[PDB]
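Chemist: upload_5.pdb is the file, holding PDB, C-alpha atoms:
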```pdb
ATOM      1  CA  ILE U   1      33.883  76.488 164.848  1.00  0.00           C
ATOM      2  CA  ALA U   2      35.082  79.084 162.273  1.00  0.00           C
ATOM      3  CA  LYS U   3      36.282  76.194 159.993  1.00  0.00           C
ATOM      4  CA  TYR U   4      32.870  74.444 160.123  1.00  0.00           C
ATOM      5  CA  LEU U   5      31.208  77.690 158.926  1.00  0.00           C
ATOM      6  CA  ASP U   6      33.871  78.215 156.177  1.00  0.00           C
ATOM      7  CA  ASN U   7      33.520  74.596 154.959  1.00  0.00           C
ATOM      8  CA  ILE U   8      29.767  74.965 154.157  1.00  0.00           C
ATOM      9  CA  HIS U   9      30.504  78.422 152.649  1.00  0.00           C
ATOM     10  CA  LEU U  10      33.234  76.909 150.356  1.00  0.00           C
ATOM     11  CA  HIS U  11      31.064  73.953 149.177  1.00  0.00           C
ATOM     12  CA  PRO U  12      27.416  75.015 149.780  1.00  0.00           C
ATOM     13  CA  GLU U  13      26.248  72.371 147.188  1.00  0.00           C
ATOM     14  CA  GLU U  14      27.504  69.483 149.399  1.00  0.00           C
ATOM     15  CA  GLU U  15      25.078  68.681 152.280  1.00  0.00           C
ATOM     16  CA  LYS U  16      27.847  66.850 154.256  1.00  0.00           C
ATOM     17  CA  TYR U  17      29.076  70.290 155.495  1.00  0.00           C
ATOM     18  CA  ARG U  18      25.640  71.241 156.951  1.00  0.00           C
ATOM     19  CA  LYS U  19      25.947  68.799 159.934  1.00  0.00           C
ATOM     20  CA  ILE U  20      28.636  69.033 162.670  1.00  0.00           C
ATOM     21  CA  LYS U  21      29.119  65.743 164.610  1.00  0.00           C
ATOM     22  CA  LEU U  22      29.185  66.438 168.408  1.00  0.00           C
ATOM     23  CA  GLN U  23      30.900  63.050 169.089  1.00  0.00           C
ATOM     24  CA  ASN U  24      33.804  63.707 166.658  1.00  0.00           C
ATOM     25  CA  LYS U  25      37.288  63.593 168.338  1.00  0.00           C
ATOM     26  CA  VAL U  26      38.075  67.179 167.198  1.00  0.00           C
ATOM     27  CA  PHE U  27      34.713  68.698 168.256  1.00  0.00           C
ATOM     28  CA  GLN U  28      34.640  66.755 171.574  1.00  0.00           C
ATOM     29  CA  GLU U  29      38.154  67.876 172.643  1.00  0.00           C
ATOM     30  CA  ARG U  30      38.064  71.529 171.405  1.00  0.00           C
ATOM     31  CA  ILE U  31      34.398  72.667 171.370  1.00  0.00           C
ATOM     32  CA  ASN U  32      32.304  70.314 173.581  1.00  0.00           C
ATOM     33  CA  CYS U  33      34.644  70.907 176.584  1.00  0.00           C
ATOM     34  CA  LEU U  34      33.719  74.671 176.711  1.00  0.00           C
ATOM     35  CA  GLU U  35      30.648  76.410 178.171  1.00  0.00           C
ATOM     36  CA  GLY U  36      28.582  78.547 175.690  1.00  0.00           C
ATOM     37  CA  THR U  37      29.605  76.755 172.411  1.00  0.00           C
ATOM     38  CA  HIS U  38      26.290  74.813 172.209  1.00  0.00           C
ATOM     39  CA  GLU U  39      24.288  78.051 172.646  1.00  0.00           C
ATOM     40  CA  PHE U  40      26.385  79.749 169.915  1.00  0.00           C
ATOM     41  CA  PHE U  41      25.581  77.029 167.296  1.00  0.00           C
ATOM     42  CA  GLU U  42      21.831  77.276 168.081  1.00  0.00           C
ATOM     43  CA  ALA U  43      22.006  81.128 168.085  1.00  0.00           C
ATOM     44  CA  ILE U  44      23.543  81.214 164.539  1.00  0.00           C
ATOM     45  CA  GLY U  45      20.894  78.884 162.969  1.00  0.00           C
ATOM     46  CA  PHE U  46      21.912  75.264 163.772  1.00  0.00           C
ATOM     47  CA  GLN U  47      19.350  72.723 164.996  1.00  0.00           C
ATOM     48  CA  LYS U  48      20.313  69.959 167.432  1.00  0.00           C
ATOM     49  CA  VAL U  49      19.150  66.610 165.952  1.00  0.00           C
ATOM     50  CA  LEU U  50      19.851  62.871 166.291  1.00  0.00           C
ATOM     51  CA  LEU U  51      20.829  61.130 163.021  1.00  0.00           C
ATOM     52  CA  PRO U  52      21.432  57.375 162.459  1.00  0.00           C
ATOM     53  CA  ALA U  53      25.159  56.519 162.414  1.00  0.00           C
ATOM     54  CA  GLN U  54      26.703  55.048 159.219  1.00  0.00           C
ATOM     55  CA  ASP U  55      28.035  52.020 161.257  1.00  0.00           C
ATOM     56  CA  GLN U  56      26.116  51.999 164.675  1.00  0.00           C
ATOM     57  CA  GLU U  57      22.466  51.416 165.864  1.00  0.00           C
ATOM     58  CA  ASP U  58      22.579  54.400 168.285  1.00  0.00           C
ATOM     59  CA  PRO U  59      21.804  57.796 166.619  1.00  0.00           C
ATOM     60  CA  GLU U  60      24.518  60.481 167.018  1.00  0.00           C
ATOM     61  CA  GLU U  61      24.174  64.188 167.872  1.00  0.00           C
ATOM     62  CA  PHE U  62      24.634  66.778 165.078  1.00  0.00           C
ATOM     63  CA  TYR U  63      24.306  70.535 164.663  1.00  0.00           C
ATOM     64  CA  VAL U  64      22.499  70.843 161.298  1.00  0.00           C
ATOM     65  CA  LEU U  65      22.293  74.233 159.562  1.00  0.00           C
ATOM     66  CA  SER U  66      18.707  75.105 158.499  1.00  0.00           C
ATOM     67  CA  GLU U  67      17.690  76.353 155.010  1.00  0.00           C
ATOM     68  CA  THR U  68      16.716  79.791 156.474  1.00  0.00           C
ATOM     69  CA  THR U  69      20.347  80.591 157.443  1.00  0.00           C
ATOM     70  CA  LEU U  70      22.059  78.557 154.676  1.00  0.00           C
ATOM     71  CA  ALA U  71      20.156  80.672 152.082  1.00  0.00           C
ATOM     72  CA  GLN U  72      22.066  83.793 153.403  1.00  0.00           C
ATOM     73  CA  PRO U  73      25.775  82.896 154.096  1.00  0.00           C
ATOM     74  CA  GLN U  74      26.421  86.600 154.994  1.00  0.00           C
ATOM     75  CA  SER U  75      24.748  86.065 158.427  1.00  0.00           C
ATOM     76  CA  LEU U  76      27.211  83.250 159.362  1.00  0.00           C
ATOM     77  CA  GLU U  77      30.142  85.315 158.007  1.00  0.00           C
ATOM     78  CA  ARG U  78      29.205  88.149 160.439  1.00  0.00           C
ATOM     79  CA  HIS U  79      28.646  85.667 163.331  1.00  0.00           C
ATOM     80  CA  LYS U  80      32.112  84.066 162.722  1.00  0.00           C
ATOM     81  CA  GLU U  81      33.821  87.509 162.731  1.00  0.00           C
ATOM     82  CA  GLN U  82      32.012  88.480 165.988  1.00  0.00           C
ATOM     83  CA  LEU U  83      33.258  85.249 167.685  1.00  0.00           C
ATOM     84  CA  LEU U  84      36.865  85.675 166.379  1.00  0.00           C
ATOM     85  CA  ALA U  85      37.069  89.390 167.372  1.00  0.00           C
ATOM     86  CA  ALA U  86      35.722  88.746 170.910  1.00  0.00           C
ATOM     87  CA  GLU U  87      37.607  88.799 174.228  1.00  0.00           C
ATOM     88  CA  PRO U  88      36.761  87.524 177.758  1.00  0.00           C
TER      89      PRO U  88
END
```
Once more with this new file: its structure as structure tokens, please.
Modeler:
Amino acid sequence: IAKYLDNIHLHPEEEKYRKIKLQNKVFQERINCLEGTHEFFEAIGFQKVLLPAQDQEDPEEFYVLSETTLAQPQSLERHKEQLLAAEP
């Protein structure tokens, strides 16, 4: 999750880093298997949308960062640090 936020922060001019694919092997194994990760993405300014696939008829699930939060990367930087510094 911290890498997804750093990727859009490193290349904010490339829209391909605004959308996190929920069906990706890495996301599905590491993030989608946990409770509370979906709520975190929505809480820090991502919208849950269905986008057409580049090679399939069935739309896929993405977390897409809105312009409101993308315009102020400092909010995601604080949210990442709060998640990294947390304990059970």
Chemist: Quick one: residues within 10 Å of residue 77 (chain U), only C-alpha atoms counted, chain neighbours fewer than 3 positions away excluded, as a VMD selection string?
Modeler: chain U and resid 2 5 to 6 9 72 to 74 80 to 82
Chemist: So what does the PyMOL selection byres ((chain U and resi 8) around 12) actually pick up in this one, as a PyMOL selection string?
Modeler: chain U and resi 1-7+9-20+64-66+69-73+76-77
Chemist: Write out as a list in words which residues come within 10 Å of residue 50 (chain U) when counting only C-alpha atoms, dropping same-chain ones fewer than 4 positions away.
Modeler: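 Non-adjacent residues within range: residues 21, 58, 59, 60, 61, 62, 63 and 64 of chain U.
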Chemist: What is the distance, in Å and to one decimal place, between CA of residue 79 (chain U) and CA of residue 40 (chain U)?
Modeler: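 Separating CA of residue 79 (chain U) from CA of residue 40 (chain U) is a distance of 9.1 Å.
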Chemist: Between CA of residue 52 (chain U) and CA of residue 25 (chain U), what is the spacing in Å?
Modeler: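 Taking CA of residue 25 (chain U) and CA of residue 52 (chain U), their separation equals 18.0 Å.
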Chemist: Given all atoms listed in the file as the basis, pick out the residue of U:75, U:22, U:88, U:57 nearest to residue 38 (chain U).
Modeler: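 Nearest to residue 38 (chain U): U:22.
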